[PDB]
Structures are given as C-alpha cells and as structure tokens.
>>> print(open('run-v9.txt').read())   # compact mmCIF, C-alpha atoms
# COMPACT_ATOMS: atom_id res chain seq x y z
CA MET V 1 -31.98 -51.09 -10.96
CA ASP V 2 -28.29 -52.02 -11.07
CA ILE V 3 -26.22 -51.63 -7.91
CA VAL V 4 -23.24 -49.29 -7.45
CA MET V 5 -20.61 -50.22 -4.86
CA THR V 6 -18.39 -47.79 -2.95
CA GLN V 7 -15.64 -48.35 -0.39
CA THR V 8 -13.88 -46.26 2.27
CA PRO V 9 -11.16 -45.45 2.92
CA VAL V 10 -9.25 -45.44 -0.36
CA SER V 11 -6.18 -46.62 1.57
CA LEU V 12 -4.90 -47.14 5.10
CA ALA V 13 -1.44 -47.76 6.56
CA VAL V 14 -1.07 -49.81 9.75
CA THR V 15 1.70 -51.51 11.77
CA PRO V 16 1.65 -55.32 12.09
CA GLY V 17 -0.29 -56.14 15.25
CA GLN V 18 -2.84 -53.33 14.97
CA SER V 19 -6.51 -53.77 14.13
CA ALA V 20 -8.35 -52.42 11.10
CA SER V 21 -11.84 -52.23 9.62
CA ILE V 22 -12.77 -51.06 6.12
CA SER V 23 -16.24 -50.16 4.86
CA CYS V 24 -18.30 -51.07 1.81
CA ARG V 25 -21.58 -49.50 0.69
CA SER V 26 -24.18 -50.56 -1.87
CA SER V 27 -26.53 -48.17 -3.66
CA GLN V 28 -29.38 -50.66 -3.17
CA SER V 29 -30.08 -53.09 -0.34
CA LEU V 30 -28.42 -56.49 -0.68
CA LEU V 31 -30.83 -58.11 1.79
CA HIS V 32 -32.74 -61.06 0.35
CA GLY V 33 -35.84 -62.86 1.58
CA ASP V 34 -33.84 -65.46 3.51
CA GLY V 35 -32.45 -62.72 5.78
CA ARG V 36 -28.99 -62.95 4.21
CA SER V 37 -27.21 -60.09 2.43
CA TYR V 38 -25.24 -61.31 -0.59
CA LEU V 39 -21.95 -59.42 -0.26
CA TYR V 40 -18.50 -60.76 -1.13
CA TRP V 41 -15.08 -59.64 0.10
CA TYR V 42 -12.04 -60.20 -2.11
CA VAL V 43 -8.34 -59.48 -1.69
CA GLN V 44 -5.86 -59.01 -4.54
CA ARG V 45 -2.30 -59.37 -3.27
CA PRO V 46 0.58 -58.10 -5.47
CA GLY V 47 0.94 -60.19 -8.62
CA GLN V 48 -1.73 -62.72 -7.60
CA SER V 49 -5.31 -63.32 -8.69
CA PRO V 50 -8.16 -62.22 -6.38
CA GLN V 51 -8.98 -64.46 -3.42
CA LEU V 52 -12.44 -64.77 -1.89
CA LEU V 53 -12.49 -63.98 1.83
CA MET V 54 -16.16 -63.48 2.76
CA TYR V 55 -19.56 -64.39 1.38
CA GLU V 56 -23.04 -63.57 2.65
CA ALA V 57 -21.40 -60.54 4.31
CA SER V 58 -20.32 -62.39 7.47
CA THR V 59 -19.24 -65.94 6.52
CA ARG V 60 -15.48 -66.43 6.20
CA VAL V 61 -14.20 -68.84 3.56
CA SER V 62 -12.59 -72.05 4.79
CA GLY V 63 -8.81 -71.68 4.91
CA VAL V 64 -8.88 -67.89 5.36
CA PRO V 65 -7.13 -66.77 8.58
CA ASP V 66 -9.50 -66.24 11.51
CA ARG V 67 -8.26 -62.65 11.84
CA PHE V 68 -10.80 -61.75 9.13
CA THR V 69 -14.45 -61.28 10.10
CA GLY V 70 -17.34 -59.59 8.34
CA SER V 71 -20.47 -57.77 9.41
CA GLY V 72 -23.25 -55.62 8.01
CA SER V 73 -26.68 -55.89 6.42
CA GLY V 74 -28.63 -54.13 3.69
CA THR V 75 -26.42 -51.36 2.30
CA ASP V 76 -23.51 -50.99 4.77
CA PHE V 77 -20.86 -53.62 5.44
CA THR V 78 -17.46 -53.88 7.12
CA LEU V 79 -14.47 -56.19 6.85
CA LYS V 80 -12.64 -56.52 10.17
CA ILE V 81 -9.02 -57.54 10.77
CA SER V 82 -8.45 -58.18 14.47
CA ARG V 83 -4.66 -58.32 14.00
CA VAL V 84 -3.00 -57.04 10.83
CA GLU V 85 -0.09 -59.20 9.68
CA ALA V 86 2.63 -58.54 7.12
CA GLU V 87 1.03 -60.86 4.54
CA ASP V 88 -2.21 -58.83 4.52
CA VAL V 89 -0.84 -56.27 2.04
CA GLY V 90 -3.12 -55.86 -0.95
CA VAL V 91 -6.25 -54.25 -2.33
CA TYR V 92 -9.54 -55.31 -0.74
CA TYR V 93 -12.64 -55.21 -2.94
CA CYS V 94 -16.27 -55.83 -2.13
CA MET V 95 -18.73 -57.27 -4.63
CA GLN V 96 -22.49 -57.70 -4.47
CA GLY V 97 -24.19 -60.96 -5.43
CA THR V 98 -27.60 -59.75 -6.63
CA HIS V 99 -26.35 -59.37 -10.21
CA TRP V 100 -23.06 -59.66 -12.07
CA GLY V 101 -21.04 -56.47 -11.77
CA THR V 102 -17.63 -54.91 -11.13
CA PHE V 103 -15.74 -54.84 -7.85
CA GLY V 104 -15.98 -51.80 -5.66
CA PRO V 105 -13.28 -49.14 -5.96
CA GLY V 106 -11.15 -51.12 -3.52
CA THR V 107 -9.20 -50.28 -0.38
CA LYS V 108 -5.42 -50.63 -0.55
CA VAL V 109 -4.05 -51.86 2.79
CA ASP V 110 -0.45 -50.74 3.20
CA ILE V 111 1.85 -51.75 6.05
CA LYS V 112 4.15 -49.26 7.75
CA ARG V 113 7.82 -50.19 8.17
CA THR V 114 8.49 -49.26 11.79
CA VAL V 115 11.84 -48.71 13.48
CA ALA V 116 13.22 -52.13 14.43
CA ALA V 117 16.20 -52.39 16.76
CA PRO V 118 18.77 -55.05 15.82
CA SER V 119 19.45 -58.16 17.85
CA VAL V 120 23.19 -58.00 18.52
CA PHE V 121 25.37 -61.06 19.15
CA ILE V 122 29.14 -61.58 19.23
CA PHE V 123 31.02 -64.65 17.98
CA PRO V 124 34.57 -65.67 18.97
CA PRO V 125 36.73 -67.09 16.17
CA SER V 126 36.89 -70.80 15.48
CA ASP V 127 39.98 -72.87 16.23
CA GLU V 128 40.09 -73.82 12.53
CA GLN V 129 40.67 -70.20 11.50
CA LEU V 130 43.12 -69.63 14.35
CA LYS V 131 45.17 -72.47 12.85
CA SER V 132 45.58 -70.38 9.68
CA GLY V 133 47.14 -67.60 11.79
CA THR V 134 44.19 -65.19 11.52
CA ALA V 135 41.46 -64.41 14.06
CA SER V 136 38.12 -62.95 12.98
CA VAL V 137 35.65 -61.80 15.64
CA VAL V 138 32.11 -61.26 14.36
CA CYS V 139 29.35 -58.98 15.65
CA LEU V 140 25.97 -59.80 14.08
CA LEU V 141 23.10 -57.31 13.70
CA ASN V 142 19.94 -59.21 12.78
CA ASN V 143 16.91 -57.71 11.03
CA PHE V 144 16.90 -53.97 11.80
CA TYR V 145 15.46 -50.77 10.33
CA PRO V 146 16.50 -48.21 9.29
CA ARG V 147 19.85 -48.94 7.64
CA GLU V 148 21.94 -46.48 9.67
CA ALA V 149 23.90 -48.32 12.37
CA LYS V 150 27.28 -47.81 14.02
CA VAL V 151 29.46 -50.68 15.27
CA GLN V 152 32.31 -49.68 17.60
CA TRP V 153 34.85 -52.38 18.42
CA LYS V 154 36.79 -52.48 21.69
CA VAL V 155 39.76 -54.73 22.48
CA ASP V 156 40.66 -54.74 26.19
CA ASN V 157 38.38 -51.67 26.45
CA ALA V 158 40.49 -49.79 23.87
CA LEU V 159 38.53 -48.11 21.08
CA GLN V 160 39.34 -49.72 17.73
CA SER V 161 39.33 -48.34 14.19
CA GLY V 162 40.69 -49.59 10.87
CA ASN V 163 40.71 -53.36 11.54
CA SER V 164 37.00 -54.11 10.99
CA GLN V 165 34.87 -54.68 7.90
CA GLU V 166 31.09 -54.48 7.55
CA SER V 167 28.88 -56.55 5.24
CA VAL V 168 25.19 -55.67 4.91
CA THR V 169 22.46 -57.68 3.21
CA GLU V 170 20.26 -56.21 0.51
CA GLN V 171 17.02 -54.68 1.74
CA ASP V 172 14.52 -57.47 2.46
CA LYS V 174 9.82 -57.97 1.51
CA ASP V 175 10.14 -56.75 5.12
CA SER V 176 12.56 -53.92 4.16
CA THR V 177 14.83 -54.82 7.08
CA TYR V 178 18.60 -55.22 6.97
CA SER V 179 21.09 -57.61 8.55
CA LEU V 180 24.73 -56.65 9.02
CA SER V 181 27.95 -58.38 10.04
CA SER V 182 30.99 -56.56 11.41
CA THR V 183 34.19 -58.62 11.38
CA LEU V 184 37.21 -57.61 13.46
CA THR V 185 40.31 -59.25 11.98
CA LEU V 186 43.58 -59.68 13.89
CA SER V 187 46.57 -61.98 13.71
CA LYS V 188 46.53 -65.09 15.89
CA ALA V 189 49.33 -63.65 18.03
CA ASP V 190 47.58 -60.30 18.53
CA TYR V 191 44.28 -62.05 19.28
CA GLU V 192 45.83 -64.08 22.11
CA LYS V 193 47.49 -60.90 23.44
CA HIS V 194 44.13 -59.57 24.68
CA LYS V 195 41.30 -60.81 26.88
CA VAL V 196 38.10 -58.76 26.41
CA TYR V 197 36.47 -58.35 22.98
CA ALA V 198 33.33 -56.25 22.65
CA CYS V 199 31.13 -54.66 19.99
CA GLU V 200 28.94 -51.65 20.82
CA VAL V 201 26.05 -50.97 18.44
CA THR V 202 24.33 -47.59 18.06
CA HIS V 203 20.91 -47.60 16.38
CA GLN V 204 17.91 -45.31 16.78
CA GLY V 205 15.80 -48.35 17.66
CA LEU V 206 17.87 -48.59 20.86
CA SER V 207 17.37 -46.14 23.72
CA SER V 208 21.04 -46.70 24.63
CA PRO V 209 23.88 -48.37 22.71
CA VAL V 210 24.02 -52.12 23.35
CA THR V 211 27.36 -53.83 24.00
CA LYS V 212 28.00 -57.53 23.47
CA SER V 213 31.28 -58.84 24.84
CA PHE V 214 33.14 -62.04 25.57
CA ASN V 215 36.14 -62.93 27.70
CA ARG V 216 38.82 -65.01 26.01
CA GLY V 217 39.84 -68.08 27.98
CA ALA V 219 34.72 -68.08 27.17
CA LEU V 220 32.66 -65.83 29.45
CA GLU V 221 29.98 -64.10 27.38
CA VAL V 222 28.95 -60.72 28.79
>>> encode(input="run-v9.txt", output="structure tokens")
Amino acid sequence: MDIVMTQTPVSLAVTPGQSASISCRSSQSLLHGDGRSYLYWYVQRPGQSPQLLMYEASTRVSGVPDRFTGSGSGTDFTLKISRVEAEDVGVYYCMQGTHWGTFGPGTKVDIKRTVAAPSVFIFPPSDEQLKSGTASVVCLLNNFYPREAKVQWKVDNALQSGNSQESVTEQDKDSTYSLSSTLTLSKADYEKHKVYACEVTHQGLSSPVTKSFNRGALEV
C-alpha cells in the first residue's frame, strides 16, 4: 500500500537564535530490515530548487550546517534546528524512500523581524570639507527596526532645528534600515562652538542615546 505523508505545523515563526523542531508522519512504517527508516528532509528556499538535508531520518548531508539534526523511526520523525538563523527561511518537506512519491505538505519556516535598536555614532567633518567653507557633522544610525527614529541635534547644548538633513536606506532581506543625519554649518559657525551631539530616540532603546564630540577631539 502506498504511503501518505503529513507534516505539522503548517508554519511557524521564530526569532534568529531560537530553537525549533517540526514533525513528519508516514501512514505506513518506513522501517526496513536493516534497522534504518528511509526518510528524507528537504528545504526549498525562495526561488531555489529543493536541497536535501537529511536521509535515513537522522543522517545529515555533508555541507549542511550542523544546526540541523534528525530523529525518529517507523512512522514519526522530527527535524531539529538547535539555532534558527536568518538563512533558514523556506518550506521544509519530508519524503519517504520506500517508493517514489510526492513531498509532504511542507512546513513553512518564517522568521520574525524583531525590534532592533540602532548603533549610533557621530563623525566630525573632514579638513577637506572645512577648506570649502562648509562643515557637515554626521550622526549614523546603523541597521535598526522599525523605521521610526528621531535625531535631535545639539550645538553647545542648544537644541537645533532646520539645519539637518536625513537620508535613509531602502528597507533591507533583513528588513532593517540605516539612516544618516547630517548637520550642516558654515566653517565660521562650526568653529564658533565646542560641543556637538546627536540624541537618537528609538523604541529599541530604553532611553535616548546621545553621541557627542568635543571640538579641539574628545569623543563622549
């Protein structure tokens, strides 16, 4: 009698770094006389052709990351991921080896985009730009989520507004953003002040972070 394969769950969403384990079930036992159960695990990543991950239920294919392990015998099997990584997105199918048939229904492994606080850094202007008579101070926000972020400039601890421009990258595929905030002053006005600081507000930060530097350059 031909074998019917079923998988659970239909889908799961996890954060990179978590563990996971999906299940596969066969309508008939896959156990052979040699004590081995002929069960394959495949993954189909977006746009790619299926890739073999496991054979004989518990033997990982050479080259497959060691985060993948397999277990099970007879009619019930599991694929285990000790640490889910971003590149594990895809549909995971099981397939029995007793006779030629279709994949199981598959389990789509999604990956949740969590809140990521930005890494903030400030950059004094270069002497080459100061020669042109213009000073541009840059505050960089690297790889954050979600998009909403506030950058408040302060010159000698005076709140600034109207002399800064923001440039954000397109959404990454990590779905994170990177942003630059450039405070532009004349060379004369730049050398009129000592402390330059950017204060970033982002829901990934329990409190707003301030990066500063002291002209003449002490980074605080």
>>> residues_around(input="run-v9.txt", residues="residue V:156", least_positions_apart="3", cutoff="8 Å", atoms="all atoms listed in the file", output="PyMOL selection string")
chain V and resi 194-197
>>> residues_around(input="run-v9.txt", residues="stretch 4-14 of chain V", least_positions_apart="5", cutoff="12 Å", atoms="all atoms listed in the file", output="count of residues only")
52
>>> closest_residue(input="run-v9.txt", among="V:70, V:162, V:205, V:65", to="residue V:144", atoms="all atoms listed in the file")
V:205
>>> atom_distance(input="run-v9.txt", atom1="atom CA of residue V:136", atom2="atom CA of residue V:124")
7.5 Å
>>> atom_distance(input="run-v9.txt", atom1="atom CA of residue V:222", atom2="atom CA of residue V:117")
19.4 Å
>>> atom_distance(input="run-v9.txt", atom1="atom CA of residue V:152", atom2="atom CA of residue V:219")
20.9 Å
>>> closest_residue(input="run-v9.txt", among="V:120, V:139, V:54, V:186", to="residue V:166", atoms="only C-alpha atoms")
V:139
>>> closest_residue(input="run-v9.txt", among="V:53, V:137, V:1, V:198", to="residue V:158", atoms="all atoms listed in the file")
V:198
>>> residues_near_point(input="run-v9.txt", point="(13.4, -57.1, 9.1)", cutoff="9 Å", atoms="all atoms listed in the file", output="ChimeraX atom specification")
/V:113,116,118,142-145,171-172,174-179
>>> residues_around(input="run-v9.txt", residues="residue V:126", least_positions_apart="6", cutoff="12 Å", atoms="all atoms listed in the file", output="PyMOL selection string")
chain V and resi 132-138+188
>>> decode(input="run-v9.txt", residues="stretch 40-68 of chain V", atoms="N, CA, C and O atoms", output="compact mmCIF listing (two decimals), in the first residue's frame")
# COMPACT_ATOMS: atom_id res chain seq x y z
N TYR V 40 13.54 11.25 4.07
CA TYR V 40 14.34 12.38 3.61
C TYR V 40 13.74 13.69 4.10
O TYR V 40 12.52 13.82 4.26
N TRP V 41 14.62 14.66 4.35
CA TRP V 41 14.22 16.02 4.68
C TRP V 41 14.78 16.96 3.62
O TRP V 41 15.98 16.96 3.35
N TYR V 42 13.90 17.76 3.02
CA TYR V 42 14.27 18.73 2.01
C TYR V 42 13.89 20.13 2.48
O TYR V 42 12.98 20.31 3.30
N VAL V 43 14.59 21.13 1.95
CA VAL V 43 14.25 22.53 2.15
C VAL V 43 14.20 23.21 0.79
O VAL V 43 15.07 22.97 -0.06
N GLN V 44 13.18 24.03 0.57
CA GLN V 44 13.04 24.81 -0.65
C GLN V 44 13.04 26.29 -0.25
O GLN V 44 12.01 26.82 0.18
N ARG V 45 14.19 26.93 -0.38
CA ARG V 45 14.31 28.35 -0.11
C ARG V 45 13.72 29.15 -1.26
O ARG V 45 13.58 28.64 -2.38
N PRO V 46 13.33 30.42 -1.02
CA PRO V 46 12.67 31.22 -2.07
C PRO V 46 13.46 31.29 -3.36
O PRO V 46 14.62 31.71 -3.38
N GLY V 47 12.82 30.89 -4.47
CA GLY V 47 13.42 30.96 -5.78
C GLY V 47 14.36 29.83 -6.14
O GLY V 47 14.68 29.67 -7.32
N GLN V 48 14.80 29.04 -5.17
CA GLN V 48 15.78 27.99 -5.40
C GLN V 48 15.10 26.63 -5.57
O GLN V 48 13.91 26.46 -5.30
N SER V 49 15.89 25.66 -6.03
CA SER V 49 15.46 24.28 -6.12
C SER V 49 15.64 23.59 -4.77
O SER V 49 16.47 24.01 -3.96
N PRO V 50 14.87 22.53 -4.50
CA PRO V 50 14.97 21.86 -3.20
C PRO V 50 16.38 21.35 -2.92
O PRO V 50 17.12 20.98 -3.83
N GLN V 51 16.74 21.36 -1.64
CA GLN V 51 18.05 20.91 -1.18
C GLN V 51 17.86 19.80 -0.15
O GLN V 51 17.07 19.96 0.79
N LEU V 52 18.57 18.70 -0.34
CA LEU V 52 18.49 17.58 0.59
C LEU V 52 19.25 17.90 1.87
O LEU V 52 20.41 18.31 1.82
N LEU V 53 18.59 17.72 3.01
CA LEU V 53 19.18 17.97 4.32
C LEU V 53 19.44 16.70 5.11
O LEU V 53 20.48 16.58 5.76
N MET V 54 18.51 15.75 5.08
CA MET V 54 18.61 14.53 5.86
C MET V 54 18.26 13.33 5.00
O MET V 54 17.43 13.43 4.09
N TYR V 55 18.90 12.20 5.29
CA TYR V 55 18.49 10.92 4.74
C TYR V 55 18.64 9.86 5.82
O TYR V 55 19.40 10.03 6.77
N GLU V 56 17.89 8.77 5.66
CA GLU V 56 17.78 7.74 6.70
C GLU V 56 17.36 8.36 8.03
O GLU V 56 17.87 7.99 9.10
N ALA V 57 16.46 9.34 7.96
CA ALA V 57 15.85 10.01 9.10
C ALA V 57 16.83 10.88 9.89
O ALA V 57 16.52 12.03 10.20
N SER V 58 18.02 10.36 10.20
CA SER V 58 18.89 11.00 11.18
C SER V 58 20.30 11.31 10.68
O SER V 58 21.14 11.72 11.48
N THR V 59 20.59 11.13 9.39
CA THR V 59 21.92 11.39 8.85
C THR V 59 21.89 12.69 8.06
O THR V 59 21.21 12.79 7.04
N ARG V 60 22.63 13.69 8.54
CA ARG V 60 22.72 14.97 7.86
C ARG V 60 23.63 14.86 6.64
O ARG V 60 24.63 14.15 6.66
N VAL V 61 23.26 15.59 5.58
CA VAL V 61 24.07 15.59 4.37
C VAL V 61 25.33 16.42 4.60
O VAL V 61 25.31 17.44 5.31
N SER V 62 26.44 15.98 4.01
CA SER V 62 27.68 16.74 4.10
C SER V 62 27.50 18.13 3.50
O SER V 62 26.91 18.29 2.43
N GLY V 63 28.01 19.13 4.21
CA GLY V 63 27.88 20.52 3.81
C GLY V 63 26.71 21.24 4.45
O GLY V 63 26.71 22.48 4.48
N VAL V 64 25.72 20.51 4.95
CA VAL V 64 24.58 21.13 5.63
C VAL V 64 25.02 21.62 7.00
O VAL V 64 25.80 20.93 7.68
N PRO V 65 24.59 22.81 7.44
CA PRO V 65 25.01 23.30 8.76
C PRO V 65 24.65 22.32 9.87
O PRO V 65 23.60 21.67 9.83
N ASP V 66 25.53 22.23 10.87
CA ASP V 66 25.34 21.30 11.97
C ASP V 66 24.18 21.67 12.88
O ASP V 66 23.88 20.91 13.81
N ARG V 67 23.53 22.82 12.66
CA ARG V 67 22.34 23.16 13.42
C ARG V 67 21.18 22.23 13.12
O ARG V 67 20.23 22.16 13.91
N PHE V 68 21.23 21.51 12.01
CA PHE V 68 20.16 20.60 11.61
C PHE V 68 20.48 19.18 12.08
O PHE V 68 21.56 18.65 11.78
